Number of protein chains: 2
Amino acid sequence: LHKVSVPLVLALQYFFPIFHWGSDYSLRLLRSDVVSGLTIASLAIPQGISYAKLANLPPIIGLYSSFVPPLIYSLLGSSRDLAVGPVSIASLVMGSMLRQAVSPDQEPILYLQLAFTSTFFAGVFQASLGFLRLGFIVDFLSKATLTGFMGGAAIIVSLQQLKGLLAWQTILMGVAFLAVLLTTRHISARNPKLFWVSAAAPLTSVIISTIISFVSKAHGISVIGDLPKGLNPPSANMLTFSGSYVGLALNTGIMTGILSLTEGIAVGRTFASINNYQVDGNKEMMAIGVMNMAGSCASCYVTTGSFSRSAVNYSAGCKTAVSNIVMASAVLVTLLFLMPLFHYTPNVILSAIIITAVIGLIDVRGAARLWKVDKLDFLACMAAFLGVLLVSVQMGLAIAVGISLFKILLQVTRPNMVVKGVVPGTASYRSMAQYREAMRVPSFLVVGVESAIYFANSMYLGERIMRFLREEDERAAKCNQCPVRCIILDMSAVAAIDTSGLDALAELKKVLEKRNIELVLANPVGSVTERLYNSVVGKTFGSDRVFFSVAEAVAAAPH
Amino acid sequence: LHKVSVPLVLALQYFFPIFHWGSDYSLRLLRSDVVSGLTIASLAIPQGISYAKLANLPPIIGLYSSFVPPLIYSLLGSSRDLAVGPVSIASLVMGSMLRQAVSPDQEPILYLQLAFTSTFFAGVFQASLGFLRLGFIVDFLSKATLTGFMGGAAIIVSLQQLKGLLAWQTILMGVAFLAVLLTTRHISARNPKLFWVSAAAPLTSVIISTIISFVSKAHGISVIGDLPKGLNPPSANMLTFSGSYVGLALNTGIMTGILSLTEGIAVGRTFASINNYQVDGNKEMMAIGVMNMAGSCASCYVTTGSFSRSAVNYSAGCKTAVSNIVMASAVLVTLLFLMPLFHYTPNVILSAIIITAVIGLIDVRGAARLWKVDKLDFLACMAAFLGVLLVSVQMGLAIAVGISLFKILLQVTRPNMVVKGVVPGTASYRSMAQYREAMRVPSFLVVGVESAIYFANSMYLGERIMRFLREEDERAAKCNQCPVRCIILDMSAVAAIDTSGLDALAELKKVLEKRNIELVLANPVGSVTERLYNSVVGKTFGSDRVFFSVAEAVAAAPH
């Protein structure tokens, strides 16, 4: 028999990780972060400007958002491969939530007061979700939920940019560079060695088209024009905590503060497992969020770790988070010296960078792939696609997160319970539905409940055991066999058990004792055994009714 | 090696179960249901009248509710021991939700139009929750939630009956029969053979006090007075589906239709396991709910299977649901002939039957017992106690059910993952925290995840395996041992797995292959093996990477 057991220097290093990994910084790591930082401050200048236009902001707000939030994260960040900048989904939702209350064309100054207050309210939401150690609710945002959302929100932006839109080389320069940017993101999606042609394609589209426009003073082509040369102007005089639009700037902060958090705490997770290092998650949510609310005071909008630039970062050989300093050192140059060179860049070119980032969100293949595999993840993909397209954008991320949390509760409530039997030649007791080889011991009924025993199922697992008990007490009467005299609960799959779960196991042990059947638990789990040996309802089982395995509960014969 | 496998006559019998169990009805079963039905139409007449006063209704509405809803359930019910009548918690919440919008004393006719419309809206909520096969959400109502609720709502009724209250034998007859009714429910709570003294004590209190009042024309004692002799008057002309109070009569229906359903689908569950028969649950929720909305048209209020009378039913020897006919045959007699005998029964006597049923709801011992065992079930008990006492009664059953559903999600997200080792002399691989005897195999790392692998945890189980992998690859360098060359996932406790869970197991198999570590699954569960052999992401594991047990995965040596 086997017994069942029970189970100021630090202040600038617990808050600022740059004093920890700054000790191992070589010049071989500076050669690797300069190449991967100048590769990444070549996808940041054209796509930061582009995603600021997608958020209906001035195009320099995306370049302000590639200087100070990359510098703040390099002080507070825990990931070596994460790249900080404006993000295509956070810009598309911010520019759709603020478009329908404040017009960006007629009220410009009021529009650059709710883009900065929403960034602050996204900052104080992300920071006060990792400070309260409450970051696991960004894992409730499934990949199926973010397929109908990004795709149900990529249409209502395409509809809003279809009402306000109503020459000829404007059409041809917007469709030629839509064929340079769409086939090249297909070349790099196939071969993961030609990443460099898609990292260079937005900057080459900006550079080449500016030549075909200075060479014309091309009329029939709009042009960015003069952009204000200099660093970030001090905001937080544009942070409106009082007025009519403080519930709109708050609704955009808890909306672009979630979608920016399911991208930055999902790309710091991706590259921590490839390169084998430890990222905290909650300290990463305090980093992205002090980044936002201190960038909100420096004329930036919502930034996080982008999916696209971080993959370019870990394809050019980044080693530390100094690739976010070399990024913000070629953004510092272009904010101080290279600003008159955007005077002839057309708006249709960085409208094509928007289109490849919008139709790169409409993923219909993986939404149809979500129908062949699961069907409650297809319901969550179509409750976000049809909850954003018809009803507001808040209730498309609430009726799809709520029914993704429901399919978890639909398995904890009403779980699978199986009748197990011994596999011949083996002391292992597997289920008798799977494993047709498994035959049953004559005077025993091995039942395995495959979930944690909570309040939500503890009365269902008492009416299912007795349905199992009624069937085998009637099958043994049709086959000249002995009745059930020991019910063994295989607790191998019981994750946890609460006070309503232990009480249902003691109101089952004494109901089965009146019919002389002797309930016995076998193979408990740690966090259940310490719940069973530290309770007054766990001494009604004791040491004679808790066993090492099912084969040891059969061999002891509790009768 | 062992292979892992994959897993009009009926129309009046599917709707009316009385045509099924009416075939075996003997006269020995009629002798047993008459004694247990007249025992139970002796606790129904005094406590039905009493709980109608607790709901601020006329006292005959509780006797109308003991005639037709017992007769409807005897046609549609599936439980042999369930007793149908008015219920102390459903009457206390109905009489508290309608008291604060409509005064029962100044607007009597409007008050007997929202007690009948709430019963209809409780009926169409209970019936259209078992017709949609949606009855598992009454299991979300924990026993900890219904301890702070019944006890946080038993005070705000005691407060409402303290404002409107502001002779001498009225005080003495209300305190003497409060000592006959409170000590006798303590005698029967100790010895479960003297149930008959607590079943007789409300009727004896009504009978004896009526003698001490006819013998006086006792002034200084209020008296029920003349009650309308006859059967149930036809309502549904008092069912108001249009007006100002249709959102109040609906709020009371989804509130007294839940609390009446967590008592009737919890006392038909209790007595189905003691007497070993099968109750459907959803067909039981269609029975209780056609019972309510067809009793609502016959001048009844919310009835269900009461906890107290069903225990008296299964202590006097009920065998079928004809104890609900003998109950409604001694209510038919007292509604037709014995109505002038309540002309001198004092209102303070059946106010004492209320008090023993209100302070029998305030269970402070099991609320303090909920602190020694769990602490997220004490939070749900004090979010219902302080969510009903301060904020409305809807948000005390919403912020306590919502944080009882949260502790389920707080275990599916972030579960327990253990490192397992072989117990010596045994081919069983238990965890190494519990079971200090368990030592590890040199070139292996057996990890057991103790939950279902969902979207909510699939990225947490990839950063915890590599934390387990980083520790044992560093411990083996401090002890002159071989590194980890096979990671075995013990899937013994994995209940289910979704498409985000299989994809995380294939984006872990190929990350571990680059470091030459060869991830292997062992002991899968049926509903995971059929999810793994019917997926394109389950053929990247195959038959060489899915094993019978952990000891067979070690013995095969996948390297």
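Definitions and limits used
- Residues numbered from 1 in each chain as written, not as in the entry; some residues may be left out.
- Chains lettered and ligands numbered in written order.
- Heavy atoms only, no water.
- Helix = DSSP H or I, 4+ residues; strand = E, 2+ residues; numbered from the N terminus.
- Buried < 20%, exposed > 50% of the residue type's maximum accessible area, 1.4 Å probe, protein only.
- Core = buried A, V, L, I, M, F, W, Y, C linked by side-chain atoms within 4.5 Å.
- Contact = heavy atoms within 4.5 Å.
- 1 Å grid on protein atoms, 1.4 Å probe; cavity = no way out; pocket = protein on both sides within 12 Å on 5 of 7 lines; lining within 4 Å.
- Points joined across faces, edges and corners; volume = space filled by probe spheres on them.
- Nonpolar A, V, L, I, M, F, W, Y, C, P; charged D, E, K, R; others polar.
- Axes fitted to C-alpha atoms, helices over the stretch in contact; angles between N-to-C directions.
- Parallel < 35°, antiparallel > 145°, perpendicular 65-115°, else oblique.
- Left-handed = near helix turned anticlockwise from the far one by under 90°.
- Pairing = 2+ DSSP bridges.
- Domains from an automatic or database assignment.
- Least-squares fit on C-alpha atoms.
- Salt bridge = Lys/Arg side-chain N within 4 Å of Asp/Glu carboxyl O.
- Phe/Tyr/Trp six-rings, centres within 6.5 Å; stacked < 30°, edge-to-face > 60°.
- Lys NZ or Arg CZ within 6 Å of the ring centre and 35° of its normal.
- Buried area = accessible area lost by both parts, 1.4 Å probe.
- Polar contact = N/O pair within 3.5 Å; in protein donor to acceptor, adjacent residues only side chain to side chain.
- Patch = residues over 30% accessible without salt bridge, like charges linked within 9 Å, V, L, I, M, F, W, Y side chains within 5 Å.
- Areas by Shrake-Rupley, 256 points an atom, 1.4 Å probe, with all protein chains shown as cover.
- Expected span 1.5 Å × (residues − 1).

The deposited coordinates derive from cryo-EM, with the record listing a resolution of 2.77 Å.

**Q** Requested: an account of unusual backbone geometry, with residues and values cited.
**A** Residues and elements named next belong to chain B. Of note in the backbone geometry, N56 takes a positive phi value of approximately 60° without being a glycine. Looking at the secondary structure, you find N56 in the loop between α3 (44-54) and α4 (61-64). Among the residues examined, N56 registers a relative accessible area of 17% and is labelled buried. Its identity is not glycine, yet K217 carries a phi of approximately 60°, on the positive side. Mapped onto the secondary structure, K217 falls in the loop between α11 (196-214) and α12 (248-251).

**Q** Describe the nonpolar core, and please don't skip the residues or the numbers.
**A** Ranked by internal contacts, the top residues of the largest apolar core, which has 229 residues, are A:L92, A:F149, B:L92 and B:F149. Other than its neighbours up to four places away in sequence, A:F149 contacts A:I89, A:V93, A:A154, A:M255, A:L259, A:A384, A:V388, A:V393 and A:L397. With 76 residues, the next largest nonpolar core counts A:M417, A:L532, A:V537 and B:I497 among its residues.

**Q** Describe empty space enclosed by the protein, with residues and values.
**A** Taken as a whole, the largest cavity holds about 90 Å³ of empty space. Lining the largest cavity are A:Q411, A:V412, A:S451, A:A452, A:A493, A:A495, B:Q411, B:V412, B:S451, B:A452, B:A493 and B:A495. Listing elements by their share of the lining of the largest cavity, those giving two or more residues are α21 (404-412) of chain A together with α21 (404-412) of chain B. Tallied by class, the residues present in the lining of the largest cavity amount to eight nonpolar, four polar and no charged. Its boundaries defined by the atoms lining it, the second largest cavity holds a volume of some 60 Å³. Among the elements of the structure, β3 (416-422) and β5 (444-450) of chain A are those that each provide at least two residues to the lining of the second largest cavity.

**Q** Can you lay out the side chain of A:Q160 for me, pointing to particular residues and giving the numbers?
**A** Structurally, the position occupied by A:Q160 is in helix α8 (residues 145-163). In this structure, A:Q160 is in contact with A:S96, A:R99 and A:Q100, ignoring residues within four places of it in sequence.

**Q** How would you summarise the packing of helix α5 (residues 68-76) of chain B against helix α17 (residues 323-334) of chain B if you had to cite specific residues and measurements?
**A** Residues and elements named next belong to chain B. Interaxial distance between α5 and α17 falls to 8 Å at its minimum, and their mutual angle equals 160°. As summarised for this structure, α5 and α17 are arranged roughly antiparallel, according to the angle between their axes. Crossing angle aside, the handedness with which α5 passes α17 is left-handed. The segment α5 lies against α17, with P70, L71, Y73 and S74 engaging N324, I325, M327 and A328. Class assignment of the residues belonging to the contact of α5 with α17 gives a composition of six nonpolar, two polar and no charged.

**Q** Got a sec to walk through the environment of A:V494? Specific residues and values, please.
**A** All names here are of chain A. In this structure, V494 sits in the loop between β6 (486-490) and α24 (499-509). Note on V494: relative accessible area 1%, which makes it buried. Along the sequence, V494 and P524 sit 30 residues apart, while their C-alpha atoms lie 7.5 Å from each other. Apart from the residues within four sequence positions on either side, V494 is in contact with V449, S451, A452, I453, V525 and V528.

**Q** Lay out the sheet that holds strand β6 (residues 486-490) of chain B in plain terms, naming residues and giving numbers.
**A** All names here are of chain B. The strand order β4-β3-β5-β6-β7-β8 describes an open sheet built from six strands, whose pairing is mixed. For this open sheet the edge positions go to β4 (429-431) and β8 (546-547), each flanked by a neighbour on one side alone. In this sheet, strand β5 (residues 444-450) lies alongside strand β3 (residues 416-422) in antiparallel orientation, the contact comprising five bridges. Across the sheet, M417 pairs through a bridge with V449, a residue of β5.

**Q** Go over the domain arrangement of chain A with me, naming the residues and quoting the values.
**A** The assigned domain composition of chain A is domain 1 (31-408) and domain 2 (415-556). With centres defined by C-alpha atoms, the gap from domain 1 of chain A to domain 2 of chain A works out at 53 Å.

**Q** Talk me through the relation of the copies chain B and chain A; I want residue IDs and the actual numbers.
**A** Once chain B is rotated about the relating axis by 180° and shifted along it by 0.1 Å, it coincides with chain A to within an RMSD of 0.0 Å. Both copies of the chain, as the preceding transformation shows, are related through a two-fold rotation axis. For chain B, the minimum C-alpha distance to the rotation axis belongs to B:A493 and amounts to 1.9 Å.

**Q** Before we move on, can you summarise the packing of helix α8 (residues 145-163) of chain B against helix α20 (residues 376-388) of chain B with the specific residues and values?
**A** All names here are of chain B. Between α8 and α20, the least distance of the axes is 7 Å, while the angle of their chain directions is 20°. Between α8 and α20, the angle is such that the two are roughly parallel. Every pair of crossing elements has a handedness; the one defined by α8 and α20 is right-handed. Where α8 approaches α20, its residues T145, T147, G148, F149, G151, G152, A153, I155 and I156 are matched on the opposing element by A380, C381, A384, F385 and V388.

**Q** Which residues make up the sheet that holds β3(A), and what values do they have?
**A** All names here are of chain A. Reading across the sheet, the six strands line up as β4-β3-β5-β6-β7-β8 and stay open at both edges, with mixed pairing between neighbours. Both edges of this open sheet fall to β4 (429-431) and β8 (546-547), since each of them pairs with a single strand only. Of the strand pairs in this sheet, β3 and β4 are connected by three bridges, and their pairing is antiparallel. Paired with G421 across the bridge in β4 is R430.

**Q** Talk me through the pattern of salt bridges; I want residue IDs and the actual numbers.
**A** Scanning all chains against the criterion turns up 20 salt bridges over all chains. Ionic pairing is found between A:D490 and A:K420, a salt bridge with its closest N-O pair at 3.2 Å. Of this pair, A:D490 sits in strand β6 while A:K420 is found in strand β3, placing the two residues 70 residues apart along the sequence. The pair A:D490 / A:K420 is uniform in exposure class, with both members buried. With its nearest N and O atoms 2.7 Å apart, the salt bridge here joins B:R545 to B:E518. One end of the pair, B:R545, is in the loop between α26 (529-532) and β8; the other, B:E518, is in the loop between α25 (511-514) and β7 (520-522), and 27 residues separate them in sequence. Judged by relative accessible area, which is 10%, B:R545 ranks as buried.

**Q** Account for the packing of aromatic side chains, naming residues and giving values.
**A** Scanning the entire structure with this criterion turns up 18 aromatic pairs over all chains. Between A:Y14 and A:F15, the ring centres sit 5.5 Å apart and the planes meet at 80°, which makes this aromatic pair edge-to-face. A relative accessible area of 48% means that A:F15 is categorised as partly exposed. A ring pair is formed by A:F406 and B:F136, whose centres lie 6.2 Å apart and whose planes are at 40°; its orientation type is tilted. Remark: B:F136 occurs in the loop between α7 (108-130) and α8 and A:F406 occurs in helix α21; the pair is interchain, linking two chains. One aromatic cluster is present, built from ring pairs that chain together A:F120, A:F121 and A:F241. When the ring centre of A:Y14 is taken as origin, the NZ or CZ atom of A:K283, which lies over that ring, is 5.5 Å away. For B:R430, the ring lying beneath its charged end belongs to A:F548, and the centroid distance is 4.4 Å.

**Q** Explain the interface of chain B and chain A to me, and be specific about the residues and the numbers.
**A** As a measure of interface size, the accessible area lost when the parts come together is often cited. Counting from both sides, the interface comprises 75 residues of chain B and, opposite them, 75 residues of chain A. When chain B packs against chain A, close to 6600 Å² is buried across both sides, 54% of that on carbon and sulfur atoms. Counting every contact that joins chain B to chain A gives 10 salt bridges. Between B:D498 and A:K407 there is a salt bridge, with the nearest N and O atoms lying 3.7 Å from each other. At the junction of chain B with chain A, the criterion picks out 21 residue pairs in polar contact. Those elements that place two or more of their residues in the side of chain B that touches chain A are α14 (270-274), α19 (365-372), α21, α23 (465-475), α24 (499-509), α25 and α26 of chain B. The greatest single-element share of the side of chain B that touches chain A, amounting to nine residues, is contributed by α21(B). Considering only residue class, the side of chain B that touches chain A consists of 33 nonpolar, 23 polar and 19 charged.

**Q** Can you lay out a nonpolar patch on the surface for me, pointing to particular residues and giving the numbers?
**A** The grouping of A:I207, A:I208, A:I211, A:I212, A:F214 and A:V215 at the surface amounts to a nonpolar patch, some 600 Å² of accessible area in total. Mapped onto the fold, A:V215 is located in the loop between α11 (196-214) and α12 (248-251).

**Q** Just give me the short version of helix α15 (residues 282-295) of chain A, but keep the residues and values in it.
**A** Residues and elements named next belong to chain A. The terminal C-alpha atoms of α15 lie 20 Å apart, and with 14 residues this matches the ideal 20 Å at 1.5 Å per residue to within 8%. Considered for burial, the residues of α15 that qualify are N282, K283, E284, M285, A287, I288, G289, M291, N292 and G295. The elements touched by buried residues of α15 are α5 (68-76), β1 (84-86), α7 (108-130), α13 (261-264) and β2 (303-305).

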